[PDB]
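Student: Submitted below is the structure of interest, expressed as structure tokens.
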Amino acid sequence: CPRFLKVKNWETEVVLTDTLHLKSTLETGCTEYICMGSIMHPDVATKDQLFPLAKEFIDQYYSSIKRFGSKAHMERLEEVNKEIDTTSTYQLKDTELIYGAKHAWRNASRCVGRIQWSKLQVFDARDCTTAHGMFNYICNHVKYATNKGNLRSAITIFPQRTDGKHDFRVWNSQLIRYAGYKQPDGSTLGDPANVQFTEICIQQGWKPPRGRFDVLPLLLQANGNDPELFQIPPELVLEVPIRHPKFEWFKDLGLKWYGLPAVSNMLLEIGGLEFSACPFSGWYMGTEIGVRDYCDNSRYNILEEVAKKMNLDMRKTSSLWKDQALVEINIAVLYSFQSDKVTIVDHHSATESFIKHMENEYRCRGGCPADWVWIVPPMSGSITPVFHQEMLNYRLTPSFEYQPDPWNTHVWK
Amino acid sequence: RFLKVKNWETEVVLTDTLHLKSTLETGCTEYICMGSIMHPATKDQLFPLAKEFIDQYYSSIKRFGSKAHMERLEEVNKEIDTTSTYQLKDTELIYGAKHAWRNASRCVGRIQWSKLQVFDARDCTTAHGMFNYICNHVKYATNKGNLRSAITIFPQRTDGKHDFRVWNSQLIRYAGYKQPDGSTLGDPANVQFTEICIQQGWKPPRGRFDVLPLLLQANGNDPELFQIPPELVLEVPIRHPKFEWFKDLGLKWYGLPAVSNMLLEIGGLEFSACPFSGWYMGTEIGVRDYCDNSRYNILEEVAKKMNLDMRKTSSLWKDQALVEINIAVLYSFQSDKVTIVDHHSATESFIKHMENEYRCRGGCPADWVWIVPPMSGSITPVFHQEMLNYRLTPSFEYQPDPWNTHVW
Ligand code: HEM
Ligand code: HEM
Ligand SMILES: Cc1cc(N)nc(CCc2cc(CCCN(C)C)cc(F)c2F)c1
Ligand SMILES: Cc1cc(N)nc(CCc2cc(CCCN(C)C)cc(F)c2F)c1
Ligand SMILES: C[C@H](O)[C@H](O)[C@H]1CNc2nc(N)[nH]c(=O)c2N1
Ligand SMILES: C[C@H](O)[C@H](O)[C@H]1CNc2nc(N)[nH]c(=O)c2N1
Ligand SMILES: [Zn+2]
């Protein structure tokens, strides 16, 4: 591989030079003959596999604190090596846990929000043993992160994988989501994306109120045991009713959304260790709600009903009636969040911040992996600065990875 | 491997086998993806490429292994020997042109790929000849608004010292002028090319929508200027169905999109002048041409007339104005009976095209970064379509600007 790689911005002419790609680890999925850059998703480790992964991470940690080669560096290397020899694993210091989590965010190529990567609150939950403990930890996370609408980014890290039969997992894909319900007639109440998970929850004991915006219970798995259900206290679930600054009829659609986006189905890999329950949360970019959640045809799919209330001609696609309503729906979501003093960022501000971040990373770090397909917002793409920015995608570690759905792998006791 | 692509809205899964036949590079490796990078002979390299192309041509007319096939491979081998190159048969020229379009990963319009009028211009020797051939192209493809796809193929490269090149990047574009106060009149993307036209004799009217002259290079000689007869240049005043003040913005665009800076490669041969044209997708004009900050950049003005609050971005004033600008373009071409397609129709057509290519051909190389329209992405069906990108030949490739390589 060539040592220097250039990226250009076609709107400003700015050329950046990437050397960080030389530290790439796992596979993109691409080859020199095929590019999989639009593919969404393109047993444990052995002593011999773990040794070099830990050393790589420990080296990198001591490089960052400007102690590379020090006595504390070599002593940590030897302690780690001795520990892998006697137990086939090792335990991270708190300092290394925090560094690793912040860098998995920093390295998350699909995240436009990374300007904030070093302001992450890390909750060490590695002493947790039961699903009730997991509930306690997550409740405290949600309350801290919500902060009465002054949202603060945070991660709670549960115990790492051991033999693969004792995994901690949050079975929810996100900590806060609305249920969806299949009716006998084929229609769907609530969020259609969550019909499968809702059905699991119901069979597990949950009593569904069967509304359009029912907050799902937490389904928590500790130490490989069968998952258990918990209701998040509703006063911890901050929500925003959606209204429009001009269209007084917009509130009559009964739309609302929750304030905290909190991914809980991903795996955090640090130094070869696997943290299979590591829920992390930030704050929303408006398009995640106004464009995808509300206007995807497989989701709440409100474009038609907004278009009718807007009295648009909906017989020709070339009237752009869909595009017009999409803008108005996204004006309402940003307006409703700002009026309630709940942190949100529009797609224009977040992509300008990301460009500034990317440029600083190239300056100070030698690069910034970014997945263009995910960084570019789902509306108005080319009037945001990221559209015109060339990006290199590669995988650095520590990182967040996908993992199988726990109901597909769990062995029921 | 047989690779699978999933549509995340419909859950339709297709299976790609066609990628097994690529061999040109993508630019990516297992460790670094370059999917968002815009720009990632001799007798001995030439025959295997000629062979593969003849093989796929005779396989496409279902006469693989025919005597005609055999005699063609021998005919081509002898000619590469005596002459160091070879000439395509007319049937191979047309087949190669249509398949370079069929294989263009970045083109959302490929449902039309086999309906292409091919103009053989390989007998051309002078810039006057090129001008004639180009005028006939423009007149043919424009067709009084009922646009028809077309390509004009000038002589292939011989030694690189005698290239045919259209120096315009597109046959019809508007000039751009640097103003003394620092701002730009016209199209800022064409400032330098306009300066090269002026420095060579073109007298500019110095307006906002001056059709540029043609700058044509024949057989490696210096380029010569020509004005396309104005009755050949179809233009559309832009107006809005609801906002009667929109026509007062003074906006217009040309009807015919015609790329003239690319290289057509067929069986190892290189056609450095191959102007090709189709019809516009509305967003090409309304989003990029009009609202790119480095182009006509009219968002601020439209939002002014719309009285929108332009104090904070979160009012989405740019997004509102952008939609109204794109309504006007579609309404104007439609009112003037000039072929245009909106990004909803075009992307729907492309999904259907992919479905067709997967069944009958085993895949469709496609560049998600280019296929998804520059506005309202996720409400078009291609946003949710996984695509595999790989390089099939014949193909259109980029080439250096001639003002950076031509020896005067
Ligand atoms: C603080 C403000 C943040 C903003 C504005 C932000 C923005 C975004 C957006 C818009 C996406 C795309 C999500 C989608 O389309 O489904 C995303 C993805 C992602 N973000 Fe961030 N994010 C933030 C915080 C965080 C934090 C705190 C972390 C981790 C510690 C993180 C890690 C990720 C990851 C891993 C993804 C990829 C998810 C996937 O592949 O499905 N983000 N971010
Ligand atoms: C017939 C209607 C057509 C439509 C609606 C259409 C649509 C498009 C669009 C929207 C793009 C992206 C343009 C840009 O962003 O610069 C594109 C690119 C492209 N088109 Fe098509 N096109 C059509 C016809 C054709 C024809 C006739 C050919 C060749 C014979 C062709 C070959 C290509 C190629 C090679 C590109 C990539 C250009 C580049 O990399 O700059 N297209 N097309
Ligand atoms: C930390 C953080 C900050 C921020 N702004 N956004 C995110 C993503 C939040 C999120 C993502 C998805 C995607 C589901 C999978 N997708 C393929 C459909 C669904 C949600 F309900 C949700 F809340 C995370
Ligand atoms: C056959 C065909 C059909 C169709 N619909 N569109 C096209 C593109 C036409 C086109 C493209 C560009 C891009 C310039 C480079 N870009 C990176 C800024 C500039 C133009 F003036 C122009 F006319 C071709
Ligand atoms: C097929 C395609 O990769 C898929 O639709 C992706 C495209 N880009 C995306 N970008 C974001 N931020 N989120 C998504 O869910 C997607 N979906
Ligand atoms: C950086 C990025 O590759 C560049 O902006 C691309 C993105 N996608 C595009 N898609 C189309 N159709 N046309 C373009 O000019 C571009 N520009
Ligand atoms: Zn790639």
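Cβ coordinates were reconstructed from backbone atoms using ideal geometry, including for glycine residues, and neighbour counts include every protein chain displayed. The numbers here are math on the coordinates, done by the rules we state, and not lab data.
Student: List the residues, sorted by chain then number, that are 5 or more residues from B:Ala258 or on another chain and whose placed amide H is less than 5 Å from its amide H.
Tutor: B:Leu171, B:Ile172
Student: What does the net charge come to around B:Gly35 if you take all other residues with beta carbon closer than 11 Å to its beta carbon, with K and R at +1 and D and E at -1?
Tutor: Computed value for this residue: -3.
Student: So, with +1 on the Cβ of K and R and -1 on the Cβ of D and E, and no other charges, what is the size of the charge dipole of chain A about its Cα centre, to the nearest 20 debye?
Tutor: Dipole about the Cα centre, nearest 20: 760 debye.
Student: I want the local charge near A:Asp167. Using Cβ-Cβ distances under 15 Å, sum +1 for each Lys or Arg and -1 for each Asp or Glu among the other residues.
Tutor: Charge balance in the 15 Å sphere: -3.
Student: Here is a further query. Once you keep just the Cα pairs under 8 angstrom separated by 6 or more residues, what percentage relative contact order results for segment B:263-357?
Tutor: 29
Student: Quick one: 3J(HN,Hα) in Hz for segment A:399-413, Karplus 6.51/-1.76/1.60 with θ = phi - 60°, rounded, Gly and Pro as x.
Tutor: Result, ordered by residue: 8, 9, 10, 6, 8, x, 4, x, 5, 7, 10, 5, 9, 6, 5 Hz.
Student: Would you mind counting up the charge near A:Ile331? Only other residues with Cβ under 10 Å from its Cβ, with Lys and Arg at +1 and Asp and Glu at -1.
Tutor: Net of charged neighbours comes to -2.
Student: I'd like the distance separating the alpha-carbon centroids of segment B:167-206 and segment B:368-400, in whole Å.
Tutor: 30
Student: Could I ask something else about it? With the crude spin-label approximation of a point 7 Å out along Cα→Cβ, what separation in nm comes out for B:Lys337 versus B:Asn136?
Tutor: About 2.7 nm, to one decimal.
Student: Then there's this: Could you tell me the distance between the Cα centroids of segment A:290-360 and segment B:9-88, to the nearest Å?
Tutor: 44
Student: Explain nothing, just the number: relative contact order of segment A:171-211, from Cα pairs under 8 Å at least 6 residues apart, as a whole percent.
Tutor: Computed over segment A:171-211, the figure is 33 percent.
Student: Right, something else. Counting other beta carbons within 10 Å of each residue's own, what order do A:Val386, B:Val211 fall into, fewest first?
Tutor: So the ranking, lowest neighbour count to highest, is B:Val211, A:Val386.
Student: Can you list which of the chymotrypsin sites (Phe, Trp or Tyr not before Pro) found in segment A:49-86 are DSSP loop residues with at most 15 other C-beta atoms within 10 Å?
Tutor: A:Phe68
Student: Could I ask something else about it? Is the shape of chain A best called rounded, prolate or oblate, per the rule: a/c under 1.5 gives rounded, else a/b larger than b/c gives prolate, else oblate, with a ≥ b ≥ c the square roots of the Cα gyration tensor eigenvalues?
Tutor: It comes out oblate by the Cα gyration axes.
Student: Arrange the following residues from fewest to most other Cβ atoms within 10 Å of their Cβ: B:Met281, B:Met130, A:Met74.
Tutor: A:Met74, B:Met281, B:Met130
Student: Here is a further query. Under a crude label model (7 Å from the Cα following the beta-carbon direction), how far is A:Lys316 from A:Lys143 in nanometres?
Tutor: If labels sit at A:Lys316 and A:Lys143, their model points lie 5.8 nm apart.
Student: Something else: Tell me which residues come under 5 Å, amide H to amide H, from B:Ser395 once H is placed; ignore anything under 5 positions away on its chain.
Tutor: Amide H neighbours of B:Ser395: B:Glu265.
Student: Given the C-alpha atoms of segment A:81-155, compute the convex hull and give its volume per residue in Å³.
Tutor: Measuring per residue, one finds 129 Å³ for the Cα hull of segment A:81-155.
Student: Note down the relative contact order for segment A:204-262 as a percent, whole number, built from C-alpha pairs under 8 angstrom at least six residues apart.
Tutor: Worked out over segment A:204-262, it gives 24 percent.
Student: Taking the alpha-carbon distance from B:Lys337 and a cut-off under 26 Å, which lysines remain once sequence neighbours fewer than 8 residues away in the same chain are dropped?
Tutor: Once the sequence-local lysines are set aside, what remains near B:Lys337 is A:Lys316, A:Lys322, B:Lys115, B:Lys139, B:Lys144, B:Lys242, B:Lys247, B:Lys252, B:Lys352.
Student: Follow-up question, since we're still on this one. What are the ³J(HN,Hα) couplings of segment B:25-32, residue after residue, when phi is run through the Karplus curve with 6.51, -1.76, 1.60 and θ = phi - 60°? Round to Hz, x for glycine and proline.
Tutor: 6, 8, x, 7, 9, 4, 10, 9
Student: Given H placed 1.01 Å from N in the peptide plane, which residues other than close sequence neighbours of B:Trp253 have an amide H under 5 Å from its amide H?
Tutor: Excluding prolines and chain starts, which carry no amide H, the hits are B:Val236, B:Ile238.
Student: Still on this structure, please answer the following. Going by the alpha-carbon gyration tensor, a ≥ b ≥ c the square roots of its eigenvalues, is the protein assembly as shown rounded (a/c under 1.5) or, if a/c is not under 1.5, prolate (a/b greater than b/c) versus oblate?
Tutor: Prolate shape, in that a/c is at least 1.5 and a/b is the bigger ratio.
Student: Could I ask something else about it? Across the residues of A:372-379, average count of Cβ atoms on other protein chains within 10 Å?
Tutor: Mean inter-chain Cβ contacts per residue within 10 Å come to 5.
Student: What does the C-alpha gyration tensor say about the overall shape of segment A:134-280? Classify as rounded when a/c is under 1.5, otherwise prolate if a/b is larger than b/c, or oblate.
Tutor: oblate
Student: If neighbour count is taken as other Cβ atoms inside 10 Å, put B:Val287, A:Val15, B:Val108 in order from fewest to most.
Tutor: With the sparsest Cβ surroundings first, the list reads A:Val15, B:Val108, B:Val287.
Student: Looking only at other chains, what is the average number of their beta-carbon atoms within 10 angstrom of each beta-carbon in A:386-396?
Tutor: The per-residue average across the peptide is 4.
Student: How far is it, in nm, from the label point at A:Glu235 to the one at B:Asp309 when both lie 7 Å from their Cα along the line to the Cβ?
Tutor: Taking the simple label geometry, A:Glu235 and B:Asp309 are separated by 3.3 nm.
Student: In whole Hz and in residue order, list the ³J(HN,Hα) couplings for segment A:165-174 that follow from phi through the Karplus curve 6.51 cos²θ - 1.76 cosθ + 1.60, θ = phi - 60°; x for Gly and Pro.
Tutor: Result, ordered by residue: 9, 10, 5, 7, 8, 8, 5, 5, 6, 10 Hz.
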